[PDB]
Engineer: 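The following block contains the structure, expressed as structure tokens.
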Amino acid sequence: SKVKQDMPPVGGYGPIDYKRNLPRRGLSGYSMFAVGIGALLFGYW
Amino acid sequence: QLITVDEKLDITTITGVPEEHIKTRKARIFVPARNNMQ
Amino acid sequence: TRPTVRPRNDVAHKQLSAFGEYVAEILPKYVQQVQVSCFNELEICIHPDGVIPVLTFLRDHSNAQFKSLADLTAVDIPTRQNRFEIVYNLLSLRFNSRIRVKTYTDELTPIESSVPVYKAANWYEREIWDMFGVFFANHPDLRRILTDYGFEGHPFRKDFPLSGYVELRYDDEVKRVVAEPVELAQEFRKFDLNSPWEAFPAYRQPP
Amino acid sequence: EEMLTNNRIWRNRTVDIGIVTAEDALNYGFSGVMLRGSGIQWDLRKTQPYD
Amino acid sequence: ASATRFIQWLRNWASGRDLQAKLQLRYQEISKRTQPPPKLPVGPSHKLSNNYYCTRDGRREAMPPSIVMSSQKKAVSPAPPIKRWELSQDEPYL
Amino acid sequence: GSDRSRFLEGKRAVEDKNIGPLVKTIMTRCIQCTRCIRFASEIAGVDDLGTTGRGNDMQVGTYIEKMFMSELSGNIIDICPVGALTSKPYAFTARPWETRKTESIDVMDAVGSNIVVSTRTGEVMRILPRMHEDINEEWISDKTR
Amino acid sequence: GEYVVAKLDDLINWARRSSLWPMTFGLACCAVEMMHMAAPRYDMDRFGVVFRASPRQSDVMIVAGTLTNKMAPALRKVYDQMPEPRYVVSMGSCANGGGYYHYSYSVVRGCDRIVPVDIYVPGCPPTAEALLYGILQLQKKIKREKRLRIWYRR
Amino acid sequence: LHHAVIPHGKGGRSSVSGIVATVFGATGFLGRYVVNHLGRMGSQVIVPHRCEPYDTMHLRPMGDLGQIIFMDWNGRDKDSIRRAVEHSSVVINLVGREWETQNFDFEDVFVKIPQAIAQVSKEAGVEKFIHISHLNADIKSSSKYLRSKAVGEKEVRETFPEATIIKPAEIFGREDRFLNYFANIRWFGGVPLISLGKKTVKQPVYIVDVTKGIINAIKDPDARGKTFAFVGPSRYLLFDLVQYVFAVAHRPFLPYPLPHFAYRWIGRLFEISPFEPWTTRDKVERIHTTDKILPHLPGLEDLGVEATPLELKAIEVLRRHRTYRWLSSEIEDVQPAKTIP
Amino acid sequence: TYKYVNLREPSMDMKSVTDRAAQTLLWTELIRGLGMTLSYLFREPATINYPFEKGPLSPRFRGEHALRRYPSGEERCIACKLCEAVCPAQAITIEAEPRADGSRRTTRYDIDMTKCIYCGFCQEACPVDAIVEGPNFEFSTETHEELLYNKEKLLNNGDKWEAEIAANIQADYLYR
Amino acid sequence: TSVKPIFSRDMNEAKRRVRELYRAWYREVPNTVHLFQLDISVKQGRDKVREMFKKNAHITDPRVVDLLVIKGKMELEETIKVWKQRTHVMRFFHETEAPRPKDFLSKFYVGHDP
Amino acid sequence: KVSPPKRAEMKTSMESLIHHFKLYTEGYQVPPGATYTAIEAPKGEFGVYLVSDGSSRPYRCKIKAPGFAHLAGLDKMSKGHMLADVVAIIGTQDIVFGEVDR
Amino acid sequence: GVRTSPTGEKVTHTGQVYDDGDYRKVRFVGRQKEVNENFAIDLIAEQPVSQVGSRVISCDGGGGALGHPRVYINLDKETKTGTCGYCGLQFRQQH
Amino acid sequence: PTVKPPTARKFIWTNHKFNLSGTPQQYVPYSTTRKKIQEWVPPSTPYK
Amino acid sequence: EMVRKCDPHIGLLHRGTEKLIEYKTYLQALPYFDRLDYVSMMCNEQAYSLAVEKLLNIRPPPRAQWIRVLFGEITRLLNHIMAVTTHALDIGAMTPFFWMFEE
Ligand SMILES: CCCCCCCCCCCCCCCCCC(=O)OC[C@H](COP(=O)([O-])OCC[N+](C)(C)C)OC(=O)CCCCCCCCCCCCCCCCC
Ligand SMILES: CCCCCCCCCCCCCCCCCC(=O)OC[C@H](COP(=O)(O)OCCN)OC(=O)CCCCCCCCCCCCCCCCC
Ligand SMILES: NC(=O)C1=CN([C@@H]2O[C@H](COP(=O)(O)OP(=O)(O)OC[C@H]3O[C@@H](n4cnc5c(N)ncnc54)[C@H](OP(=O)(O)O)[C@@H]3O)[C@@H](O)[C@H]2O)C=CC1
Ligand code: SF4
Ligand code: SF4
Ligand code: SF4
Ligand code: SF4
Ligand code: SF4
Ligand SMILES: [K+]
Ligand SMILES: [Zn+2]
């Protein structure tokens with residue numbers, strides 16, 4: 001019988017990620033600061 | 001500069017061996033006999 | 001290229017042989033032997049007086065640059081008049097090369113501390129003193145490092161027994177750990193494994 | 001990394017802590033990341049490969 | 001894998017990733033615990049001829065060290081200087 | 001030798017022979033070196049051992065049912081290079097690597113044969129000859145053994 | 001009489017075995033499998049088992065690794081500094097009986113020369129699950145204590 | 001000798017001493033030292049115990065593997081006594097309480113239980129029997145504890161004629177109820193004493209002396225059928241002893257006399273604890289009993305033991321009773337108590 | 001090749017500068033870290049329900065030792081002592097003699113389980129598959145002496161676990 | 001017979017190092033008993049120091065003496081800095097050793113060791 | 001003569017049984033010599049200086065642990081730091097005392 | 001077959017039993033003496049002797065690679081049976 | 001085992017026992033070898 | 001809390017591994033290398049195997065060399081998880097230890 005042992009699939013394995021992925025999120029600094037001051041002014045009023 | 005030491009080498013006091021296993025032991029120096037089976 | 005035999009690399013063997021005689025030419029005061037092994041490792045065997053000059057030359061010389069002390073150890077060979085072989089394994093990052101430097105000493109003779117050449121040597125020499133009893137002169141802080149406080153003897157000597165001379169237990173009467181002569185419930189079993197038939201003719205010793 | 005890399009508390013506890021110069025690492029016998037952290041380009045898998 | 005769509009959405013938004021594609025709990029994508037028998041190959045020395053051990057004996061080709069000098073022209077270095085490493089093109093700056 | 005086999009046939013099997021209570025014979029292990037035959041004839045001065053048949057079926061033995069009961073009989077165990085001849089009293093009790101060898105002297109007679117006392121874990125396991133050219137060479141009597 | 005102390009043992013025993021706090025104390029290899037028992041797959045904390053660094057706030061000592069002669073006085077010290085009741089789990093061959101360094105000049109041939117041991121967990125190292133089996137075996141030992149029943153009959 | 005009880009080794013933990021001992025009452029103060037000394041030399045020790053197994057854990061590290069064997073037993077169940085003694089070559093009886101419980105009184109622990117052990121040990125063919133009595137055992141004693149010791153000492157003598165009987169004075173040690181007892185009176189201010197402790201004389205003996213004496217009796221062929229008095233080297237007035245206890249502990253000593261009748265009232269008030277009493281009326285009687293002088297009995301010296309002075313070992317016991325300010329005072333800082341020559 | 005883990009000069013445009021001022025003052029990167037542990041709070045935990053659920057093992061697992069038999073019930077061990085010679089821990093002790101029928105069999109077979117390193121060398125060395133390490137890992141004891149196995153204990157282990165031992169050997173012997 | 005010295009070039013130089021060590025050990029005992037809370041007396045500890053010095057009084061190699069002084073100094077440093085524990089300090093007194101009789105008859109009874 | 005044979009071969013072939021027997025009792029003899037061999041272990045350069053006397057047991061085996069030299073530099077690296085920083089410096093060296101102490 | 005000595009202690013298949021007066025049997029008091037009651041000497045004697053036709057037969061113990069090393073057994077002696085030195089099975093030449 | 005039962009052998013335990021440590025059924029070790037040295041037994045009659 | 005001097009006292013886990021190895025065969029000594037850096041077991045095995053293979057003058061087959069590199073890098077992942085997460089745990093960040101010890 002033919003030799004059978006643990007081997008990769010004939011085509012090989014699919015791609016494997018490894019590079020760092022830290023996605024960008026959030027609003028600009030201007031928008032965040034603007035929301036905060038808008039909150040304060042309504043609070044004072 | 002080398003010094004002249006004029007006594008037989010004795011290291012018994014700096015080997016850490018207990019006194020019992022220096023004075024009471026008998027060491028045999030020999031060439032082992034051939035194992036007769038081979 | 002036979003599958004089961006380690007391949008031989010002759011370019012490195014020639015390169016190491018050339019540098020070996022280069023070291024011997026420059027330091028004839030101290031170098032006693034130079035050899036290269038069949039797996040391409042160069043060893044310099046020197047007089048113990050040349051520990052600092054030889055190591056300093058190998059660390060600093062532009063054609064050496066052995067900046068890293070890989071390892072510093074000792075071997076006990078009781079049959080020799082100087083039983084202790086001291087072994088420095090050095091690494092050269094610049095020339096991607098390794099060299100071994102060997103010297104010798106006995107029970108009562110000190111060796112110059114190489115700490116001034118490699119600060120890595122500080123603890124290696126403490127280990128050699130602790131396990132073999134080889135004293136290093138002008139060592140910044142020489143004292144036991146691996147054995148228990150107050151431990152007597154140098155365990156890595158061939159004449160030190162495997163199980164030592166004493167053992168510990170807790171004694172309830174004195175409410176502390178005490179040390180007593182070692183007794184074993186089962187003695188270690190010595191095996192005589194050596195075959196009475198020569199294995200390697202190439203290393204046969206003349207009679 | 002989302003927990004440590006950009007965390008200001010983590011960086012405060014690690015940045016400029018235990019600095020070791022490249023020359024000290026070599027002469028002290030360091031190896032591995034204790035060399036590469038200081039910029040020494042050295043990795044035995046690259047320079048003295050095995051297997 | 002049993003988490004609801006709302007919870008899948010919530011932990012995806014909080015983490016900022018698609019956690020479902022790469023779950024850390026293993027399900028049925030793993031190998032079966034009962035495998036067929038192997039039939040392992042043999043080595044190069046499994047020949048019936050032209051296979052004398054003395055032609056493939058590595059231990060017996062080991063030799064004692066070559067004595068270069070024993071106390072009983074251009075300058076050289078231990079080896080050529082190491083080449084300077086090149087920066088990665090995969091990702092040079094993390 | 002080589003490290004593997006290319007023999008793909010069935011092996012010879014030989015029947016065993018009783019030569020007394022001291023030497024057990026597993027004659028399938030015999031390699032027909034004829035040491036035992038020569039020792040018995042030359043050293044022990046006893047002509048009971050020999051080969052019968054010829055070819056692959058050549059068999060070392062006595063042919064008839066006979067006990068090889070010399071005073072020097074036990075020495076054929078030592079000179080037999082294989083396990084074809086072994087000590088019945090010693091059978092199965094130890095292995096060579098685990099024995100401690102004590103070099104001593106025999107007191108069964110006034111010849112002073114040099115011997116090795118094999119022990120293990122505080123127990124005497126067997127007695128072996130120790131070479132001394134001027135006394136017992138490399139033999140010992142059966143009683144000594 | 002007998003009925004009240006019988007229930008009272010059940011209560012003090014239940015509380016003590018349901019709230020077992022091992023000393024944060026590991027010695028060598030086996031301490032790695034002790035970590036894996038605290039890790040998510042086995043989660044010792046779910047049984048009520050919580051590591052606490054101080055000997056004063058610990059109920060169990062898990063001797064996880066080789067005990068050398070140099071370390072032996074320190075191990076006895078922190079054991080003595082546990083308040084009672086206290087228990088010792090011997091984990092791995094080294095702690096159990098010296099193991100693979102049994103014949104070394106610098107190793108204590110079993111931590112039971114230094115402290116009393118309640119449970120011996122075999123292995124080199126015992127799997128994380130095997131240690132968890134030992135902890136649960138210690139719990140069932142505590143479930144059988146008869147402190148008040150014996151006191152009542154004194 | 002059976003081949004398995006012939007001594008071997010150099011006398012260490014893994015050696016074989018040849019002694020197979022059943023120690024009754026091995027979980028108490030004297031028992032832990034006796035078991036320790038037997039295990040040290042490689043003896044087989046059978047420890048029949050009544051307490052919870054947790055309370056025997058300190059005994060486990062005292063012997064090599066297999067050398068300490070634990071069994072359950074009941075002082076009234078003679079089947080459980082044969083099981084424990086019928087493989088032994090020596091039986092050691094150390095059973096006793098300093099108080100009477102609802103279930104066992106002084107007669108139980110000092111007469112009925114010692115007699116049962118000896119009678120069962122005799123039937124089992126035990127060669128040797130060591131029984132602990134008391135120096136001050138007396139039928140006419142005001143202490144019922146001591147009255148039972150006298151009855152029990154006699155009973156063990158007829159039942160097992162060849163028994164070694166040991167009569168120690170009060171024993172001092174880390175876990176004693178003697179030096180620790182006096183040191184603990186500080187919690188009440190002054191130290192009450194009958195007749196100001198000027199009427200009682202004591203000759204306390206060190207725990208290790210007693211233990212070595214017991215162990216030497218097992219091995220000494222001439223200790224059979226004998227009675228020994230284990231006493232310390234110096235006799236003290238009670239007041240001098242208790243004052244010395246407070247000096248070594250560095251605690252303020254405020255003695256004041258308390259009459260005999262009023263100081264039984266306090267003893268009766270402490271007996272009400274269902275736990276271990278802090279003091280009892282009988283404890284009061286024993287502490288104020290003058291230690292007997294029995295020259296006709298052989299002592300520790302006849303068993304090869306040299307008695308240890310109270311001054312060498314007092315600090316070993318009393319250091320834990322000091323405050324932080326005085327924990328590190330050396331042994332020399334307190335002058336010895338006055339002795340009775 | 002090599003790469004730089006930390007050698008990036010941050011941009012100095014008022015938008016990037018204002019972005020970092022917001023990060024310093026509004027704690028945005030610390031809030032982001034809170035998102036990660038929140039996500040884990042809503043993940044199924046990896047904890048199994050031991051002892052009702054067990055961790056996965058393989059047929060090669062090295063557990064408690066056992067001495068095996070042939071189908072007839074005869075012991076496989078022939079006192080060759082190969083296992084005793086290879087044992088790195090010297091945990092095996094053997095004595096042998098001819099049996100009453102002349103068979104080569106052991107009269108002592110001890111394994112000090114507190115010496116053993118559960119390395120499996122003994123079952124590699126055995127030429128007859130006599131000594132194996134079975135699949136049992138739940139045999140912790142209350143005394144040291146209970147872990148000093150003699151031949152009777154190991155033979156009982158073989159009879160106890162043979163059904164599983166045989167099936168594991170069947171699944172892995174073709175890799176040996 | 002010309003060898004490299006360790007410290008002292010001859011016995012007279014070596015003996016001065018011995019006495020310097022002995023003074024240091026003599027002065028340190030009261031602190032050791034105080035610091036380690038040892039139950040022994042200052043006299044008992046100082047007698048033990050004498051006993052350890054007296055067992056090496058037959059040496060006449062200046063190198064062997066230098067190593068003994070080197071090991072003595074290291075031994076003292078561990079005590080002063082409290083690297084040793086009480087168990088290590090009390091190992092000099094062998095308190096749990098049952099005395100081993102040294103006469104022929106007592107040895108003859110107990111075993112085969114000479 | 002170095003790696004043991006397959007179990008099926010050992011139970012069929014005389015040469016295989018002899019070599020299996022000898023490899024698991026005496027072991028393979030190694031030609032006399034000494035090597036320092038190192039790898040890029042996860043913690044650093046891990047090497048052994050291995051001495052062979054020609055027999056089947058190593059004569060000397062010195063083990064080079066990278067954590068040994070890293071820890072020896074702990075005092076040097078901690079100069080001018082606080083208690084909590086030294087806790088971090090111990091971690092950044094990545095120390096396992098099995099290799100440091102051996 | 002497992003036997004009990006007059007002291008009641010089971011006798012092992014190696015013939016071990018503490019004799020009366022041996023203190024070491026106290027270790028079994030309140031516990032038990034671990035004894036395997038499947039005596040291999042007895043079990044192998046229950047196997048039938050296998051008649052074969054050839055002068056030489058081989059035994060690998062059964063199961064191919066799961067048995068023992070293959071050996072060859074001579075069957076020329078007609079007074080006794082050929083026994084396998086590994087597994088104890090017996091063989092006989094039929095006429 | 002419902003689908004693929006284990007191979008039956010007459011020596012395999014028909015009754016599985018759980019961990020018996022800490023119970024009267026616990027395993028107790030002991031040496032399985034017989035006495036090595038046989039002592040001389042003196043005669044039963046007086047002659048001296 | 002400023003550190004004026006660090007004096008690491010080691011040997012509390014010294015177990016004479018190097019002396020013990022001299023009493024073993026080359027195979028018998030291999031498991032001692034698992035128990036050195038007991039977080040990087042298979043890498044320690046590789047270092048010792050290369051030294052013995054070099055002294056023997058033999059070569060492991062190509063597949064074994066690939067399995068060695070494969071499990072050496074799997075072993076590197078085990079080490080760095082232990083290194084980073086226990087480093088973070090000491091500094092006070094305990095959670096990553098749990099996520100990564102499931103890996
Ligand atoms: C948030 C608040 C939570 C508070 C939780 C409080 C606990 C609630 C559960 C109580 C259950 C009963 C606990 C009993 C535990 C006793 C400790 C023990 O196990 O010792 C074993 C001892 C047995 O010791 P022994 O007599 O067998 O032997 C001891 C000697 N050696 C060590 C040598 C063995 O138990 C006892 O002595 C008595 C048991 C008493 C049980 C009833 C409690 C009464 C205690 C009153 C004490 C008197 C002072 C008053 C204190 C104030 C009380 C409120
Ligand atoms: C109309 C006119 C209006 C006038 C008024 C206008 C005012 C608006 C603008 C005011 C500024 C807004 C921000 C105020 C909050 C304080 C900001 C702050 O102090 O952040 C800086 C501080 C230090 O950060 P660092 O970068 O290390 O130091 C500077 C480097 N030299 O960073 C830190 O504090 C680090 C904190 C670490 C610990 C954080 C752990 C908790 C984090 C999660 C909590 C999230 C917030 C919860 C709020 C709960 C409210 C109930
Ligand atoms: N000062 C002294 O210490 C002196 C002591 N003695 C005698 O020496 C012996 C031991 O002294 P000590 O060890 O201090 O006494 P302890 O009270 O310290 O220990 C006594 C032992 O007896 C056991 N015991 C007590 N009552 C019973 C009972 N009813 N049933 C079963 N076992 C019981 C206890 O077991 P548990 O722990 O299970 O209760 C304990 O192990 C006693 O006979 C004592 O009278 C003689 C002179 C002075
Ligand atoms: S000595 Fe042995 S091998 Fe040689 S012929 Fe005689 S029986 Fe056969
Ligand atoms: S040990 Fe020698 S004689 Fe015996 S079977 Fe093996 S090769 Fe043949
Ligand atoms: S028992 Fe095994 S895993 Fe545990 S410390 Fe010892 S060698 Fe390491
Ligand atoms: S597993 Fe290893 S250590 Fe344990 S008995 Fe087998 S060979 Fe010895
Ligand atoms: S168990 Fe196997 S290797 Fe060990 S002695 Fe028996 S047959 Fe030989
Ligand atoms: K032979
Ligand atoms: Zn067969």
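Below, read A as the first sequence line, B as the second, and so on, with proteins coming before strands; counting in each chain starts at 1. FYI, side chains are in, hydrogens and waters are out, and symmetry mates aren't considered; it's all heavy atoms of this structure.
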Engineer: Report, as yes or no, whether the 6.0 Å neighbourhood of atom CD on N:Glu1 holds more than 12 heavy atoms from other residues, nucleotides or ligands.
Structural biologist: no
Engineer: Using a cut-off of under 4.5 Å on heavy-atom pairs, state which of K:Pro58, K:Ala34, K:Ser52 scores highest against chain N.
Structural biologist: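 Between K:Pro58, K:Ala34, K:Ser52, the count favours K:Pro58.
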Engineer: Just so I understand: if I count every heavy-atom pair under 4.5 Å between each of K:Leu50, K:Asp85, K:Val87 and chain N, which residue has the most?
Structural biologist: K:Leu50
Engineer: Over all heavy atoms of both residues, which pair between N:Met42 and N:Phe71 is shortest? Give the atoms and the distance, please.
Structural biologist: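 So the minimum-distance heavy-atom pair works out to SD-CD2, 3.3 Å.
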Engineer: Within the distance-only criterion (no hydrogens, no angle test), does the side chain of N:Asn44 pair as donor or acceptor with the backbone N or O of N:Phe33 below 3.5 angstrom?
Structural biologist: yes
Engineer: Relative to chain N, which segment of K:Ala88 carries a heavy atom at a distance below 4.5 Å: side chain, backbone, both, or neither?
Structural biologist: both
Engineer: What part of N:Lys5 lies closer than 4.5 angstrom to a heavy atom of chain K: side chain, backbone, both or neither?
Structural biologist: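 Looking at N:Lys5, backbone and side chain both touch chain K.
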Engineer: Where does K:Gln93 contact chain N at under 4.5 Å (heavy atoms): side chain, backbone, both or neither?
Structural biologist: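 For K:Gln93, neither part sits under 4.5 Å from chain N.
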Engineer: Do N:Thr85 and N:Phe101 come close enough that some side-chain heavy atom pair is under 4.5 Å?
Structural biologist: yes
Engineer: Which bit of N:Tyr23 comes within less than 4.5 Å of chain K, counting heavy atoms only: side chain, backbone, both or neither?
Structural biologist: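 The backbone, not the side chain.
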Engineer: Where the side chain of K:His19 meets the backbone of K:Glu15, is there a donor-acceptor pair that is under 3.5 Å apart?
Structural biologist: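 Side chain of K:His19 to backbone of K:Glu15: a pair is present.
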Engineer: Report yes or no: does K:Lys64 contribute a side-chain atom to a donor-acceptor pair with the main-chain N or O of K:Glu45 at less than 3.5 Å?
Structural biologist: yes
Engineer: Using heavy-atom distances under 4.5 Å, tell me whether K:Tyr59 contacts chain N through its side chain, its backbone, both, or neither.
Structural biologist: backbone
Engineer: Tell me which one of N:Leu55, N:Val52, N:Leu50 satisfies side chain to side chain contact (heavy atoms under 4.5 Å, CB included) with K:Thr35.
Structural biologist: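 Considering N:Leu55, N:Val52, N:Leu50, a side chain to side chain contact (heavy atoms under 4.5 Å, CB included) with K:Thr35 is found only for N:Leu55.
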Engineer: Taking every heavy-atom pair that is under 4.5 Å apart, which of K:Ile63, K:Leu71, K:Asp94 has the most such pairs with chain N?
Structural biologist: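 Looking at each option in turn, the highest pair count goes to K:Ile63.
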Engineer: Please determine if K:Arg102 forms a cation-pi arrangement with N:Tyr32, meaning its NZ or CZ atom is less than 6.0 Å from the six-membered ring centre and no more than 45° off the ring axis.
Structural biologist: no
Engineer: Just so I understand: if I count every heavy-atom pair under 4.5 Å between each of K:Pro42, K:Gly80, K:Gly91 and chain N, which residue has the most?
Structural biologist: K:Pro42
Engineer: Which region of K:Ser3, side chain (C-beta onward) or backbone (N, CA, C, O), has a non-hydrogen atom less than 4.5 Å from a non-hydrogen atom of chain N, or is it both or neither?
Structural biologist: neither
Engineer: Considering only heavy atoms, which portion of N:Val84 lies under 4.5 Å from any heavy atom of chain K: side chain, backbone, both, or neither?
Structural biologist: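 For N:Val84, no heavy atom lies under 4.5 Å from chain K.
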Engineer: Heavy-atom cut-off 4.5 Å, strictly under: side chain, backbone, both or neither for K:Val30 against chain N?
Structural biologist: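 Both backbone and side chain.
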Engineer: For N:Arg4, I'd like to know if atom CZ has over 12 heavy atoms of other residues, nucleotides or ligands within 6.0 Å.
Structural biologist: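 No - once you tally the heavy atoms of other residues, nucleotides and ligands closer than 6.0 Å, there are 12 at most.
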Engineer: Would you mind checking which part of N:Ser40 comes under 4.5 Å of any heavy atom in chain K, side chain (CB onward), backbone (N, CA, C, O), both or neither?
Structural biologist: side chain
Engineer: Please classify the contact of N:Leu13 with chain K as side chain, backbone, both or neither, using a heavy-atom distance under 4.5 Å.
Structural biologist: both
Engineer: Using non-hydrogen atoms only, which part of K:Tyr28 is less than 4.5 Å away from chain N: side chain, backbone, both, or neither?
Structural biologist: both
Engineer: Quick one: of K:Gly27, K:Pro31, K:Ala72, who has the most non-hydrogen atom pairs under 4.5 Å with chain N?
Structural biologist: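 Option with the greatest count: K:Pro31.
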Engineer: For the interface with chain N, which of K:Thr92, K:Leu74, K:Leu23, K:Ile95 has the highest count of heavy-atom pairs at distances below 4.5 Å?
Structural biologist: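 Option with the top pair count is K:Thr92.
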Engineer: Given that the side chain runs from C-beta out, which part of K:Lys79 has a heavy atom under 4.5 Å from chain N: side chain, backbone, both or neither?
Structural biologist: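 For K:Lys79, the contact with chain N is made by the side chain alone.
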Engineer: Find the one option among N:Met2, N:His14, N:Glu18, N:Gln28 whose heavy-atom pairs under 4.5 Å with chain K are most numerous.
Structural biologist: N:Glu18
Engineer: So, does N:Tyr48 use its side chain to make a donor-acceptor pair with the main chain of N:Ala29 at under 3.5 Å?
Structural biologist: no
Engineer: Going by heavy atoms in the side chains, are K:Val86 and K:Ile90 under 4.5 Å from each other?
Structural biologist: yes
Engineer: Does any heavy atom of chain K fall under 4.5 Å from the side chain of N:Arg35, the backbone, both, or neither of them?
Structural biologist: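 Just the backbone, heavy atoms under 4.5 Å.
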Engineer: Does K:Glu40 pair with N:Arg76 as a salt bridge, N-O distance under 4.0 Å?
Structural biologist: no
